[PDB]
Ligand code: CLA
Ligand code: CLA
Ligand code: CLA
Ligand code: CLA
Ligand code: KC1
Ligand SMILES: CC1=C(C#C/C(C)=C/C=C/C(C)=C/C=C/C=C(C)/C=C/C=C(C)/C=C/[C@@]23O[C@]2(C)C[C@@H](O)CC3(C)C)C(C)(C)C[C@H](O)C1
Ligand SMILES: CC1=C(/C=C/C(C)=C/C=C/C(C)=C/C=C/C=C(C)/C=C/C=C(C)/C=C/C2=C(C)CCCC2(C)C)C(C)(C)CCC1
């Protein structure tokens, strides 16, 4: 009974006020999602959208290199986690 | 058990953490305390040759793991650091209490009484600058030797080991440093008792029957 | 249509403003539009007051003799009055400091008041226009910078209408000039200025310009602190709402305290009733806002929080410690305050008032003497006398104030205990491990597991609101009796008879009700008749709340079923009413508890308002 | 004329001085009523807007203003969040 | 082979929502069938709010305790 | 193969662990992970696996050296202490107001630098601990 | 037409807050004086004695009621003599309790110590009984010899309790007791 997803975890979904009606897959997914959020050392920055009509800002950070290193980090983290279990 | 996140204080599987200073890595302290106490300098003949710690103040850091799994109470290493610092400060304070009454150095207001010199130097335009310089120098020599991590028993330095040894001590093959440390600790406790006696005499005259005429 | 039950009313009306559940206008733009509409309503309410003050009121006669005239609120035209009552009543008098506020902010005519009403109506129209077009652009409006700018503009207004503004040389045109030139409109004298017996308008204007500038700087500092360490990890309308409500409650309670002790409205302390009503009203508002902060914190826990190792996670993990220690504090405070009061009651009853336990409030006396008082009143901590003292209305405490403050601490700690306990058990107790899946408010979990009445998180607020009202009643009794003794010059009847609770009855409640009850009797009726009638009405509402709180649903549902049977079996009406349309059902358990609490607090507020008016009239 | 009730009204001797005239005449009351009628019309418009909610096409078919575009892109003024917070910074 | 806690051995409950969470109970019997999700039947001295002191637990929700590695004073 | 209940629990654990380790990366794309909500800002990780603040926590002055920040905080502390002392006790400025003359702007500007010194020394230690 | 008594503040613009050390004592406070020479307290005592004498006069000489009221009068006289050493304001005359911490007549430190010792005794006796009677039967059915053994043995509570606290036998590890983790912490 207490393995149901919490309302905050199911926020903005159809099961926000009725977490007892969510699927087992959905409850497990959101319970893993909340844990994923609490690992900002490996959480991805999710770059800003390009909404302004002007040219793209040159910035100083390469999103491609960050995405590649995040792919590597995700692969290694998944490998280590599966080794643990 | 409980997941990796959501682990705080009393939750099962929560490793104890110690990170008070913003900018320093998290340190995970083991209980220790009693183990360090069993092999700790002090405990001379005056109390029977055993480590005189009634009230069990050195065991409270071990009891932190039982109370809330938080470093509320100091490690015995922090207790020795505090004892050493108090002893040195009280040695200097006793010598200052009995030297200010007879000597005067700077442009500070003439106040032989020790209980008023601090305030009168606060009020002095040419005393506030000097006390500010004293304060910044003390802060430098205190933050450089921050210890602090001794609160959880991992200081990486023996207690009272500031970067100060102009003489050949701690380096000569002779001059066993254990005896020197014991002398420092016991003279520090003696100076703290002396400062307490000075305060008692200042507040309750005739308490110590040797400083009756003292300030 | 309408084939629902009467339960539909109280089910939706309880969530009619729970816009997060309203999927249509769920966006934050709609919530800002609701704020705009609420501010339009506030502007129209202030326009109401100003319009009726300027229409049928004596503000022009008030500015001339603020001490000798009683402010008129509005004209009374009740058809139920008897010619005598019509001849008796002049107009509805004033129980709010709007005359004093208008006098302070520079109103000197009814034409200015009328222009103010027109401006308030136009500003309400502007607010409605802004609410017409919710938009992320309008979400830019607001911020601590905006409110600090409002403070700066109010400072400018007060400078323009300060009494010394006539002597002010134009700074922006002839330069700053001498210091006295600025002192004509900007001062920091500190405390009561004598005469008006209130803070100088120059002091208020200077305060506001300083507060606005400091607020601009603080907002900039907070936003650069958001530059590095940019973490909006937990955003929720209820978290921010709880923050706003707690800050507003603190500010409103502080407003009550510092407006009694440092009145900013000219000739306000001379009006006892308005001062007492101001303090009581603002303290009730502040307590309500703090309770709302706790409630919305609980709601954020219920349906917007995700467990983490954060501040809230740490609070939740050791919630047992928090609840247990708060329970210990409340038990100690209640035991000792009640026991000392009962001991004083016994000693005074047994003709031995000396043997009472009067613990001198030496800590508050020490604070007062060392930090506030400019003359030796108690002599503890310090005895220096100020060469150039400043004036204010800080009361001088005595033995009874110790017990009263301990009662206040008991009330505050018990309210916090109930609110914190409910909010932290919204995550679950061992009687209800899955409260995270049941929502903020629900009836119960049934008679099983021994019973689960009032186990909901909303029921925690329902229980704690009685304690909110009780705590506010305690310290408002304290304030009211203290100021009544000060104004009646007793100051010794209070200091002796407040030690025992029979004093609190006889000398405060029974004594101050003598004139209120004589509002109307066989001899006739005077201006206090309305307040005696409201006293009775409030008692009636309070006891109806008793009905809704004591008796629970099932009985009433069976009774309503029998009444429906009578209707369906009644002649001339079974052809017309089949109970299918808006079926009459008993109020749900949550609805019943809320309605009982609402009657309880309505009777509470109206009873105390009528008593305050009848005592300080 | 009033029958005074309450010890402080009698003690302080404050008199409820009725103004000789009314204070707002009748023309200015009519102007206030007209402005309140305009405010009432705006309130009816707001009530109709809120009761039926925001239509789904607006905020979806109407392109955001460049201010709104840049604010949502950079996460300002309560954007990049799920709160209102009028006292943001 | 036998899987799960031994019969009659004290176990600590790891189920967060159980009335006896982190408390101690005696194992009555463990169902030696792989399809049973909660085979470990544990008896407690304390009764819950339902006045029942026996409940079945999963294999991962109970921690078997040695004869002297727990606290006899609860 | 007559899947065990413990095998079902093992699959649930595997699914939860994989999801948790997968949603962290740039393959979930949720509003929470947007810059300025939960993540650490793209190229500026504030702290690593050990909870030690990196130089990125300082913002614009993320590359000002430890020695320079120490000098800045010490100068700010000295100037602020001088201004505070000269405003409150030595040549008090409120008493100067009582004399009818304005404040001395130097004292106020100096005393404004004490919280500057506070945050400056905190940033100085952050830089020193990072080797900057 | 007047307001409440206006109090005078200290326009403390000097930048320092001075706390007088000599005023940190009951004898140095200008609003409380010993009951012996407090005129209001003496008037209270006189009024009490007069009321007691008036009550006594109702009953004839030598009656049991007369003797009872006479004993009440003697008790009141002795109580007044004892209270003459207390501290009672300057306008009330009612003896006060000084909760600063100074050991004075009518202080709080000694009563606080006595109560704390007594109730630590009570709590430690109950806790010892519960620890040595881990059984609901012995809770409903008090083992009177063991209960009184614990009650009379709890006299050493202040030191035994601290020894158990420092040795880990007093508090329980948070991972070994029923703690609220239903939120799946
Ligand atoms: C606050 C200063 C201070 C501190 C932190 C310590 C710390 C320590 N002392 Mg120590 N000591 C001190 C002052 C201090 N000492 C003084 C002034 C004396 C002279 C009597 C001694 C004499 C002494 C002996 C003889 C021994 C220690 C030992 C120890 C160690 C274990 C005891 C412990 O955990 O106590 C730490 C906690 C405290 C000290 C708490 C102090 C707070 C109390 C409540 C204050 C009460 C005193 C009060 C002012 C009355 C004054 C009494 C008068 C005699 C001055 C530890 C490193 C033992 C050791 O070396 O172990 C190997 C040991 O055998 N100490
Ligand atoms: C600006 C402040 C603010 C805001 C925006 C909100 C907003 C909200 N609150 Mg909230 N609240 C606040 C302050 C605030 N509150 C305060 C200060 C308190 C403490 C008193 C509470 C206590 C509170 C509770 C306990 C609950 C909410 C709930 C809610 C949500 C639904 C509101 C709803 O439909 O209620 C419906 C509103 C009403 C039914 C209004 C009642 C009408 C009154 C009682 C009329 C009586 C007055 C009458 C004229 C007097 C007659 C006198 C007599 C003599 C004649 C909504 C998000 C609910 C929620 O989120 O649950 C999921 C909820 O359960 N709030
Ligand atoms: C007069 C009415 C009254 C009284 C006395 C109480 C008393 C109490 N309520 Mg309460 N309550 C009331 C009305 C009242 N409530 C109402 C109407 C509501 C609305 C439903 C609530 C809602 C409510 C909630 C929601 C909560 C409380 C809580 C509490 C307790 C707070 C702790 C405390 O003060 O202990 C002091 C206890 C007393 C003053 C009771 C009297 C005890 C004796 C008679 C007085 C002392 C005599 C003497 C010292 C003892 C002699 C010892 C020896 C010589 C024999 C306490 C038992 C809180 C709680 O239980 O936390 C612990 C809590 O969470 N109450
Ligand atoms: C062995 C007996 C015993 C012991 C050691 C404690 C100890 C404690 N209780 Mg407690 N309690 C007890 C019995 C006991 N209680 C009983 C019988 C009740 C039911 C009335 C309660 C109700 C209770 C509440 C409601 C609260 C505590 C709290 C507390 C804690 C703070 C101390 C306090 O406020 O005490 C105050 C004690 C009371 C108000 C009730 C005392 C009733 C009697 C006097 C105690 C019984 C003694 C026992 C029968 C002795 C028999 C010995 C004999 C068999 C040999 C502390 C851990 C508080 C807490 O959790 O704070 C952290 C708290 O809020 N207790
Ligand atoms: C060569 C350069 C030099 C000179 C020439 C010099 C001289 C004086 N120093 Mg000085 N000094 C340093 C440098 C110099 N000091 C350095 C590097 C340090 C850090 C280690 C330091 C520390 C302190 C402290 C802590 C104090 C202090 C003061 C005085 C003083 C008395 C003035 C007077 O009484 O009028 C005089 C004449 C004391 C004082 O009284 O200041 C009010 C005071 O407390 N100094
Ligand atoms: C460390 C170091 C160095 C150094 C050093 C320094 C600065 C060392 C300084 C040492 C110093 C300054 C040591 C003072 C002690 C004062 C005491 C113990 C006071 C006691 C006070 C007492 C005992 C009071 C006692 C009494 O009240 C009692 C208890 C009761 C009464 O009946 C009797 C009286 C009233 C008398 C070198 C050499 C420079 C280089 C080397 O390389 C490294
Ligand atoms: C439920 C909950 C929640 C909520 C919470 C809340 C609601 C809180 C509040 C809080 C608060 C509401 C706070 C407040 C605070 C305040 C303060 C902190 C103040 C202080 C001050 C002081 C301390 C001072 C004092 C003084 C004076 C002024 C005078 C006299 C003397 C003295 C000095 C004492 C949340 C969800 C979020 C989380 C979870 C749980």
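Note that we place each Cβ from the backbone using ideal geometry, even for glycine, and neighbour counts take in every protein chain shown. Values quoted throughout were computed directly from the atomic coordinates according to the rules given, and no laboratory measurement underlies them.
Going through (1) farther than 28 Å from residue C:369 by Cα; (2) out of contact with any helix residue (DSSP H, G or I) (no Cβ under 8 Å at 6 or more places or on another chain); (3) more than 10 Å from chain C (Cβ to nearest Cβ) one by one, residue G:38 falls short only on (1). Among the candidates D:23, D:53, the residue that is facing chain C (nearest Cβ under 7 Å), buried (at least 20 other Cβ atoms within 10 Å of the Cβ) and in a loop (DSSP other than H, G, I, E, B) is uniquely D:23. Only a single item in (1) touching a strand residue (DSSP E or B) at 6+ places or on another chain (Cβ under 7 Å); (2) touching a residue at least 12 places away in the same chain (Cβ under 8 Å) is not met by residue G:8, and it is number (2).
Can you tell me which residue within region C:221-240, out of those that are in a helix (DSSP H, G or I) and more than 8 Å from every other protein chain (Cβ to nearest Cβ), is nearest to residue C:27 (Cα to Cα)? Explain how you work it out, then say what you get.
Step one: list which residues in region C:221-240 are in a helix (DSSP H, G or I), which gives C:221-227, C:237-240.
Narrowing the set further to residues that are more than 8 Å from every other protein chain (Cβ to nearest Cβ) leaves C:221, C:225, C:238.
Values: C:221: 29, C:225: 28, C:238: 14 Å.
Residue satisfying both the conditions and the ranking: C:238.
Within chain E, which strands (runs of 3 or more DSSP E) (wholly inside it) include 2 or more residues that are farther than 23 Å from residue C:429 by Cα? Spell out the reasoning first.
Values: elements: E:10-13, E:24-30, E:40-43, E:54-57, E:62-64.
By residue number, E:24-30, E:40-43.
Looking at region F:27-48 only, could you name the residues that are exposed (fewer than 14 other Cβ atoms within 10 Å of the Cβ) and either facing another protein chain (nearest Cβ under 7 Å) or in contact (Cβ under 8 Å) with a residue 60 or more places away in the chain (or both)? Write out each step before concluding.
Restricting attention to region F:27-48, the residues satisfying the condition of being exposed (fewer than 14 other Cβ atoms within 10 Å of the Cβ) are F:27, F:29, F:31, F:48.
Across region F:27-48, the qualifying residues are F:29, F:48.
Being without any contact (Cβ under 8 Å) to a residue 24 or more places away in the chain and more than 7 Å from every other protein chain (Cβ to nearest Cβ) is the requirement here; does residue F:92 meet it? I'd like the intermediate steps shown before the answer.
Values: without any contact (Cβ under 8 Å) to a residue 24 or more places away in the chain: yes; more than 7 Å from every other protein chain (Cβ to nearest Cβ): no.
Taking the combined requirement at face value, the residue does not satisfy it.
Among the residues making up region F:49-74, those that are free of Cβ contacts under 8 Å to residues at least 24 places away in the same chain and either over 15 Å from the mean Cα position of the chain (by Cα) or over 22 Å from residue C:222 (Cβ atoms) (or both) are F:49, F:50, F:51, F:67, F:68, F:71.
For (1) under 28 Å from residue C:385 (Cβ atoms); (2) within 8 Å of chain C (Cβ to nearest Cβ), each residue gets a yes or a no:
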position: G:7; (1), (2): yes, yes
position: G:10; (1), (2): yes, yes
position: G:22; (1), (2): yes, no
position: G:25; (1), (2): yes, no
position: G:30; (1), (2): yes, yes
position: G:43; (1), (2): no, no
position: G:49; (1), (2): no, no
position: G:70; (1), (2): no, no
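Scanning region B:71-78 finds no residues that are surrounded by fewer than 16 Cβ atoms within 10 Å (Cβ to Cβ) and more than 19 Å from residue B:147 (Cβ to Cβ). State whether one or more residues within region F:104-124 are within 14 Å of the chain's Cα centre (by Cα), facing another protein chain (nearest Cβ under 8 Å) and in a helix (DSSP H, G or I). Within region F:104-124 (the criterion being within 14 Å of the chain's Cα centre (by Cα), facing another protein chain (nearest Cβ under 8 Å) and in a helix (DSSP H, G or I)), the answer is yes, since at least one residue qualifies.
Checked against (1) at the interface with chain G (Cβ under 10 Å from one of its Cβ atoms); (2) over 32 Å from the mean Cα position of the chain (by Cα), residue C:370 passes all but a single condition, namely (2).
For region F:1-36, filtering for residues that are touching a helix residue (DSSP H, G or I) at 6+ places or on another chain (Cβ under 7 Å) and part of a loop (DSSP other than H, G, I, E, B) leaves 3. Taking the conditions exactly as written (touching a helix residue (DSSP H, G or I) at 6+ places or on another chain (Cβ under 8 Å), on the phi > 0 side of the Ramachandran plot, within 8 Å of chain C (Cβ to nearest Cβ) and not in a strand (DSSP E or B)), does residue G:89 satisfy them or not? So residue G:89 fits the description; yes. If you take the residues of region C:131-148 that are part of a helix (DSSP H, G or I) and either under 23 Å from residue D:58 (Cα atoms) or over 28 Å from the mean Cα position of the chain (by Cα) (or both), which of them is farthest from the other protein chains (Cβ to nearest Cβ)? Result: C:138.
Out of everything in region C:296-314 that is within 8 Å of chain A (Cβ to nearest Cβ) and either within 16 Å of ligand 4 (Cβ to nearest atom) or within 16 Å of residue C:442 (Cα to Cα) (or both), what residue ends up being surrounded by the most Cβ atoms within 10 Å (Cβ to Cβ)? Working first, answer last.
Taking region C:296-314 as the starting set, the residues that turn out to be within 8 Å of chain A (Cβ to nearest Cβ) are C:302-309.
Filter again for either within 16 Å of ligand 4 (Cβ to nearest atom) or within 16 Å of residue C:442 (Cα to Cα) (or both), leaving C:302-303.
On the way: C:302: 25, C:303: 23.
Per the criteria, the residue is C:302.
In summary, residue B:200 fulfils each of the numbered conditions (1) touching a residue at least 24 places away in the same chain (Cβ under 8 Å); (2) within 12 Å of ligand 1 (Cβ to nearest atom); (3) out of contact with any helix residue (DSSP H, G or I) (no Cβ under 6 Å at 6 or more places or on another chain) with the single exception of condition (1).
Restricting attention to region B:21-51, the residues being part of a loop (DSSP other than H, G, I, E, B) and in contact with a helix residue (DSSP H, G or I) (Cβ under 8 Å, 6 or more places away or on another chain) number 13.
Scan region B:29-41 and give yes if some residue there is away from chain G (no Cβ under 14 Å) and in contact with a strand residue (DSSP E or B) (Cβ under 9 Å, 6 or more places away or on another chain), otherwise no. Yes, region B:29-41 contains at least one residue that is away from chain G (no Cβ under 14 Å) and in contact with a strand residue (DSSP E or B) (Cβ under 9 Å, 6 or more places away or on another chain).
For (1) surrounded by 13 or more Cβ atoms within 10 Å (Cβ to Cβ); (2) closer than 16 Å to residue C:496 by Cβ, each residue gets a yes or a no:
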| residue | (1), (2) |
| --- | --- |
| G:48 | yes, yes |
| G:57 | no, no |
| G:63 | no, no |
| G:70 | yes, no |
| G:85 | yes, no |
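Okay, residues lined up against (1) surrounded by 13 or more Cβ atoms within 10 Å (Cβ to Cβ); (2) away from ligand 3 (no atom under 16 Å from the Cβ); (3) over 30 Å from residue G:22 (Cβ atoms):
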residue	(1), (2), (3)
B:130	yes, yes, no
B:153	yes, yes, yes
B:160	yes, yes, yes
B:204	no, yes, no
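Can you go through C:386, C:392 and tell me which one is within 16 Å of ligand 7 (Cβ to nearest atom) and more than 17 Å from residue G:32 (Cβ to Cβ)? Answer to the selection: C:392.
Let's see how each residue does on (1) part of a loop (DSSP other than H, G, I, E, B); (2) more than 9 Å from chain C (Cβ to nearest Cβ); (3) buried (at least 18 other Cβ atoms within 10 Å of the Cβ):
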{"residue": "D:8", "(1), (2), (3)": "no, no, yes"}
{"residue": "D:28", "(1), (2), (3)": "no, no, yes"}
{"residue": "D:35", "(1), (2), (3)": "no, no, yes"}
{"residue": "D:42", "(1), (2), (3)": "no, no, yes"}
{"residue": "D:68", "(1), (2), (3)": "no, no, yes"}
{"residue": "D:83", "(1), (2), (3)": "yes, no, yes"}
{"residue": "D:87", "(1), (2), (3)": "yes, no, no"}
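Considering the conditions (1) over 15 Å from residue B:194 (Cα atoms); (2) within 16 Å of ligand 5 (Cβ to nearest atom), residue B:71 is excluded by exactly one of them, (2).
Restricting attention to helices (runs of 4 or more DSSP H) lying wholly within region C:421-527, give those where 1 or more residues are over 26 Å from the mean Cα position of the chain (by Cα), within 13 Å of chain G (Cβ to nearest Cβ) and within 30 Å of residue C:357 (Cα to Cα). First the steps, then the outcome.
Details: elements: C:457-487, C:493-497, C:514-517.
The helices (runs of 4 or more DSSP H) meeting that bar are C:493-497.
The residue that is farthest from residue F:36 (Cα to Cα), counting only those in region A:55-74 that are surrounded by 10 or more Cβ atoms within 10 Å (Cβ to Cβ) and more than 9 Å from chain F (Cβ to nearest Cβ), is A:72.
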